[PDB]
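Residue numbers (UniProt numbering), protein chains in the order written: chain Y, 72 to 142; chain E, 390 to 486; chain A, 1 to 81; chain R, 20 to 331; chain D, 196 to 243; chain S, 99 to 195; chain H, 2 to 51, 62 to 89, 99 to 118; chain L, 17 to 49; chain F, 13 to 76, 89 to 118. Quick reminder that beta carbons are idealized off the backbone N, C-alpha and C, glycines included. Inspection log for the structure reproduced underneath, given as structure tokens.
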Amino acid sequence: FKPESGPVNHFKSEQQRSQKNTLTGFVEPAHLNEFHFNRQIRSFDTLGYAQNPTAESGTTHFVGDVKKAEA
Amino acid sequence: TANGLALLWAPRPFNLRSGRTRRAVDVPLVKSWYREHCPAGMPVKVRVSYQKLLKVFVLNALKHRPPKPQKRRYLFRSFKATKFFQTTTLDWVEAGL
Amino acid sequence: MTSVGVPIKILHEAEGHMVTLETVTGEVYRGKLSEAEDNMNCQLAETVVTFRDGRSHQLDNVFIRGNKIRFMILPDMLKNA
Amino acid sequence: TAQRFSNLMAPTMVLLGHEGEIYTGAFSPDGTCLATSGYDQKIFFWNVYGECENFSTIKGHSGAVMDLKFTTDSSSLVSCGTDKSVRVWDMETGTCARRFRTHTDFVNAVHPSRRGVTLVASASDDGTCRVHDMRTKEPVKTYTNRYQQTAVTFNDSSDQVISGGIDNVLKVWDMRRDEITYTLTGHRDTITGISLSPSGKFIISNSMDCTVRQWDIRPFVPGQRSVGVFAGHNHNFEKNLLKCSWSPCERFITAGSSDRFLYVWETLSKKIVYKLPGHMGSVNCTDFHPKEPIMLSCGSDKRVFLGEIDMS
Amino acid sequence: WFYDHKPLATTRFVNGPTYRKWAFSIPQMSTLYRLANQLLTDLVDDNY
Amino acid sequence: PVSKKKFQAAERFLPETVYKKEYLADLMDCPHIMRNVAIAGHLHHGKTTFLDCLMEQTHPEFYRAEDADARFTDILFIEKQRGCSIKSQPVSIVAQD
Amino acid sequence: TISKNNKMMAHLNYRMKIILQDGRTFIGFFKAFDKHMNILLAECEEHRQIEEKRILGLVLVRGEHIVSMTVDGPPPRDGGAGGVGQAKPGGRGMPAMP
Amino acid sequence: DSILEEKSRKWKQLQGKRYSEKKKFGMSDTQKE
Amino acid sequence: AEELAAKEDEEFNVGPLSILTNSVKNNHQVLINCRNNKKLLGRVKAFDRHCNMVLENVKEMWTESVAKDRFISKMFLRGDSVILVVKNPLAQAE
RNA sequence: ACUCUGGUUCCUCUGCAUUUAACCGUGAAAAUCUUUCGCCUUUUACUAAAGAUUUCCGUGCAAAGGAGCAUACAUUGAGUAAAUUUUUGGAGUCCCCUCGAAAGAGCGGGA
Ligand SMILES: Nc1nc2c(ncn2[C@@H]2O[C@H](COP(=O)(O)OP(=O)(O)OP(=O)(O)O)[C@@H](O)[C@H]2O)c(=O)[nH]1
Ligand SMILES: [Mg+2]
Ligand SMILES: [Mg+2]
Numbered sequence: 072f073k074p075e076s077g078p079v080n081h082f083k084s085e086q087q088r089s090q091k092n093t094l095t096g097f098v099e100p101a102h103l104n105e106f107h108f109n110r111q112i113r114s115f116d117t118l119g120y121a122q123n124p125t126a127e128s129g130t131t132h133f134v135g136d137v138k139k140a141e142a
Numbered sequence: 390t391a392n393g394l395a396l397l398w399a400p401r402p403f404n405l406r407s408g409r410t411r412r413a414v415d416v417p418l419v420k421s422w423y424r425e426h427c428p429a430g431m432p433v434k435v436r437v438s439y440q441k442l443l444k445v446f447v448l449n450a451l452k453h454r455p456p457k458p459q460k461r462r463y464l465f466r467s468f469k470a471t472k473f474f475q476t477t478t479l480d481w482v483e484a485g486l
Numbered sequence: 001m002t003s004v005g006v007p008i009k010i011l012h013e014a015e016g017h018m019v020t021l022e023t024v025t026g027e028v029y030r031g032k033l034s035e036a037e038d039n040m041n042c043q044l045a046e047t048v049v050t051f052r053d054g055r056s057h058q059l060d061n062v063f064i065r066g067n068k069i070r071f072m073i074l075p076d077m078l079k080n081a
Numbered sequence: 020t021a022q023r024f025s026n027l028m029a030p031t032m033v034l035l036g037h038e039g040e041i042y043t044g045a046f047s048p049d050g051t052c053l054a055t056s057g058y059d060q061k062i063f064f065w066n067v068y069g070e071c072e073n074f075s076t077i078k079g080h081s082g083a084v085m086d087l088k089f090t091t092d093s094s095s096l097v098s099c100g101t102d103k104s105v106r107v108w109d110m111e112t113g114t115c116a117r118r119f120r121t122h123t124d125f126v127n128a129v130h131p132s133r134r135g136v137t138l139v140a141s142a143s144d145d146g147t148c149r150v151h152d153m154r155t156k157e158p159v160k161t162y163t164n165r166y167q168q169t170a171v172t173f174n175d176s177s178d179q180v181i182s183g184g185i186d187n188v189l190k191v192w193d194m195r196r197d198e199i200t201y202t203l204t205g206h207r208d209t210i211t212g213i214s215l216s217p218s219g220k221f222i223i224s225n226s227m228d229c230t231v232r233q234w235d236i237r238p239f240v241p242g243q244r245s246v247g248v249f250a251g252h253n254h255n256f257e258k259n260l261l262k263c264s265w266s267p268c269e270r271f272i273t274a275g276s277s278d279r280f281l282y283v284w285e286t287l288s289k290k291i292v293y294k295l296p297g298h299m300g301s302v303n304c305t306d307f308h309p310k311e312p313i314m315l316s317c318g319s320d321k322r323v324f325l326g327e328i329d330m331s
Numbered sequence: 196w197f198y199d200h201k202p203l204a205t206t207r208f209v210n211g212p213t214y215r216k217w218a219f220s221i222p223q224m225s226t227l228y229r230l231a232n233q234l235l236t237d238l239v240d241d242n243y
Numbered sequence: 099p100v101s102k103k104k105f106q107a108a109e110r111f112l113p114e115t116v117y118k119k120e121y122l123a124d125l126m127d128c129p130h131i132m133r134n135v136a137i138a139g140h141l142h143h144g145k146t147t148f149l150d151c152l153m154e155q156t157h158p159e160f161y162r163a164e165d166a167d168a169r170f171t172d173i174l175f176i177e178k179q180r181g182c183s184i185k186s187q188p189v190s191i192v193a194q195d
Numbered sequence: 002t003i004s005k006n007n008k009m010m011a012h013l014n015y016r017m018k019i020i021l022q023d024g025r026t027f028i029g030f031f032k033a034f035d036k037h038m039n040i041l042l043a044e045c046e047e048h049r050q051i062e063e064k065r066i067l068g069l070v071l072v073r074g075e076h077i078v079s080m081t082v083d084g085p086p087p088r089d099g100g101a102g103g104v105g106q107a108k109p110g111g112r113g114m115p116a117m118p
Numbered sequence: 017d018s019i020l021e022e023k024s025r026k027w028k029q030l031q032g033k034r035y036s037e038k039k040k041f042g043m044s045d046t047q048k049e
Numbered sequence: 013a014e015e016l017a018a019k020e021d022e023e024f025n026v027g028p029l030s031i032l033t034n035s036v037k038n039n040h041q042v043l044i045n046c047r048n049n050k051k052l053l054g055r056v057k058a059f060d061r062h063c064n065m066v067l068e069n070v071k072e073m074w075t076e089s090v091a092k093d094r095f096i097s098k099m100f101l102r103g104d105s106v107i108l109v110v111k112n113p114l115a116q117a118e
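Printed below as a string of structure tokens:
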């Protein structure tokens, strides 16, 4: 995890510099719990917010209408 | 008791009081008739047909090849297992039509 | 037969083998156990008697009463029956 | 050619055969084998060396095995699950030696006493710690806390029961007093696992606040018992009871992580020493081999990863 | 019961609706042995 | 080279017995407690099927069919096919009186 | 213990030291008994004070003469089985990062 | 209390539904009717 | 099992065992002579057809000769040792 | 004293049903390939035998999960309940000679 030293291309956008595997992003297999996955879909769909799906989510614990999540 | 003593020497299945069921197609109702010698008066037409049925049987039993101990491919269970087939009960002449 | 304890059954399988038995008076008889009984009366053929002084005799047959036997030495193979 | 650190057949080994989320995994203290289980309810045993063949597979739980620990002499495996039951599995027989059928809800964690008479501390969704003695059907101690308890351990002398749960505070119950002698306060969210250092001086405790805090559990401490805080791992929306464990030399600490990475921290500096990739879901349980520098990690991805690490 | 579709299938004499085994009494078997007689061989042994 | 020319029954393993094999071998030293016995008679008077019972009693895993004679001692395949004992076969067993 | 039929075997196959009414001491592997307290000792030996030893064999002691017997030594002596998985070697796939 | 009281309820509901007997390993292999 | 352990007590109303029957219920000391050439003097509180007894507050005496004796608070005596039971004239009903 | 389990009926998955004299099937199809017979102006569709493989209609058992019906704790693997000659209701005790500081031991002897 030691970062790559030196400048970065002015020409490529951040989209183009990004780590990727397919033409548009890094696809990788995953194994969630089926129950909690379904719970999070339905919270986003019905309430407007869900818990953040990212690994290494950092401070961004909630996604979507975060104002409702905190309230 | 006299009847029980009679069943012991009955033709199969009647010397059995218990067993597995068979398919209706498996039970060859007439096969005992041509296994034994043709009755003394039967026409040549019939005598030849006894031999020919006997030949089929001898050819079957000669070329048996016992059945492979292998996995049971349930076609219709694989069909029942998908959204595309449903089940019901019908009169045989309705399903036939 | 009706059930009887394993020691008596093993004694009946000791028949036909050599055995040694000591009587309550102390004499040691070695012989071939030709018969046993459920009360463990014993008939020994071909017997050698040993007195407590260490002398000995051959005896052609002996019957020893069951309640006068102190212990027997059976043969080894009976542990497999 | 490259450096090698263990008798492993390869520097990393992938162990496959589980059918569900692997919640728990532990090495035998003698170092010969390891046992792993989870949502698939079977307990799989694996040799640490050679082909790592799955030489045995215990079955019997009617629920997910939430936690699983060897007794210190390695003669028995303690396991507990969502079938409200703690079971002790005899290793030579492969059989349920005891079944402590006395919890009233899911049992989240279990820990056998390190030495002396074998006692089994257990914590449960009924809110109670219980200590079960192999010789009696009835528990020796029932410590009713008000809220569901998710993690438990004895202290090294096996006379205090340390537990944590939904209230985030760790309780320490003193088994001669039947009172909480002190509490360790500092986690922001529910505790997911507690583990006791080999020397017994320290515990770590993992929590859904994404920190591991190291606590000094010695009888006398001259001041604050909070020794330090480790960070880097993450707990996701699955809210798994991510375990934690100690290196047998205490120089290193591990915790489960939802970010797929197997984290190792150095106890003294609190720096991350390893952040190994390779899992594809929550790394629920992590442990060190007791004699040799080998890492166990058990994923929600149904994979177990064994591998060497340079424990310098 | 002689002319049911799967006779005795629901009774104690056969295992159940899968219709895999049967176990009759001698009154049953002897009545059936009589009714079959037009189809059966007279031979009592294989020596023929 | 794989000429399966088998002409007699052969057992890959020793079958289980009620007696230990070591007790049989040790009884060999004692001729008081052994007998050498012929079994004789007319054809099909039940000799081999009688030995099948002693086999079944002394060998817990010995299988007798419900509807055919095992004929353990008819080891030759021609004896299997002809249905009669053709060559004498010995059987040594330990049995209780 | 012994003859309590759920625990009939309570000392069977232990090495036991048997004292008879004549003062003899036998020692052997106690491996059968009878309702008359007859006992059968495998690999039996006798012992006397001076300690003098003699080898006997498989000894049957008529129960009438037994004073008492005691445990002398243990019986002789010599995670189960199964498995489903496999454990081929492998390596760690690098995931994405922020 | 009441904040922990709500979290105590949530954990009870989530764990019960997650580890429900009706969802344990092998179940939901539904029979066609 | 226990049926013939309960039916036993009929004959003791009249047989020679009556000296034990009176010794219990009227509480007479009895000087039970035994094998080992020892005397036991005590109050029988139970007995049976085989002549077991339980003895309270026992004095044991013998010659060893010089006289020696021992005091035993309670005892069970296996009846095969009992030679001769005597209602002791050196004691009484109590 | 330990852990071990509710009956039935049905569905579906998985595994096994080779030491075949012979038989998962007390019944009995079709194909391919190789070869040999007979039709035949060719091929297909065929005749009728051999050998080698396939497919198809079926079979058994074990184990796991589920679904319906009416409902019962025992019970499996591990392991409970006779004072009359031959054993478990006493032919038991006591006393001399011998070797040896010491305590036993002689088919020792005596009441
Ligand atoms: N009724 C009846 N038939 C029996 C009995 N035992 C044998 N059989 C039949 O008699 C026939 C001969 O039995 P085997 O055992 O072959 O007799 P065998 O004497 O050994 O025949 P060989 O040795 O060749 O002379 C078979 O058909 C058996 O089924 C019996 O006990 N009762
Ligand atoms: Mg024969
Ligand atoms: Mg052309």
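- Across the set E:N404, E:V445, E:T410, E:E483, the C-alpha of E:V445 shows the shortest separation from the C-alpha of E:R424.
- Taking the Cβ atoms as the reference, R:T200 lies roughly 6 Å from R:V191, within the contact range of under 8 Å.
- Rounded to whole angstroms, S:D127 and H:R73 show a C-alpha spacing of 27 Å.
- In the DSSP annotation of this structure, the continuous segment of the alpha helix (DSSP H) that includes A:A14 starts and ends at 6-14.
- Leaving aside the five residues that flank F:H62 on each side, the residues in its chain whose CB is nearer than 8 Å to its CB run, in chain order, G103, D104.
- Residue environment analysis places E:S467 among the exposed positions, since fewer than 16 neighbouring C-beta atoms fall within 10 angstroms of its C-beta.
- Not one heavy atom of ligand 2 falls within 7 Å of the beta-carbon of D:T226.
- In this structure, R:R120 and R:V107 do not form a Cβ contact; the two beta carbons are roughly 12 Å apart against a cut-off of 8 Å.
- Rounded to the nearest angstrom, the Cβ distance from S:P113 to S:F160 is 7 Å, consistent with a contact under 8 Å.
- Under the three-state reduction of DSSP output, A:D60 falls in the strand class.
- Remark: the shortest separation between the CB of S:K145 and any heavy atom of ligand 2 falls under 7 Å.
- In the assembly as shown, R:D175 is a buried residue. Its beta-carbon has 16 or more other beta-carbons within 10 Å.
- For D:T213, the closest C-alpha among the options D:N232, D:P202, D:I221 is that of D:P202.
- At a threshold of 7 Å, S:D167 counts as near ligand 1, since its beta carbon sits closer than that to one of the ligand's heavy atoms.
- Chain-ordered listing is empty here: chain Y has no CB closer than 9 Å to the CB of H:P85, the nearest sitting near 51 Å.
- Contact between Y:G135 and Y:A126 is ruled out by a C-beta separation of about 18 Å, above the 8 Å threshold.
- Remark: the shortest separation between the CB of E:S421 and any heavy atom of ligand 2 does not fall under 7 Å.
- In this structure R:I213 is buried. Its beta-carbon is surrounded by 16 or more other beta-carbon atoms within 10 angstroms.
- Rounded to whole angstroms, the gap between the alpha carbons of R:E111 and E:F474 is 51 Å.
- DSSP places A:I73 in the strand class (E or B) of the three-state scheme.
- Between the alpha carbons of A:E35 and A:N80 lies a distance of about 21 Å.
- The C-beta distance from R:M85 to R:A128 rounds to 7 Å, short enough to meet the 8 Å contact threshold.
- Distance from the CA of E:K452 to the CA of E:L443, rounded to the nearest whole angstrom, comes to 14 Å.
- The CB of Y:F72 comes closer than 7 Å to the CB of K294 in chain R, given here in chain order.
- Secondary structure of S:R180 (DSSP, three-state): helix.
- DSSP places E:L394 within a helical segment (H, G or I) once states are collapsed to three.
- What Y:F106 touches in chain L, judged by beta-carbon distance under 8 Å, is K33, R34, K39, going in chain order.
- Annotated as distal: F:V90 and F:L32, with beta-carbon spacing of 8 Å or more.
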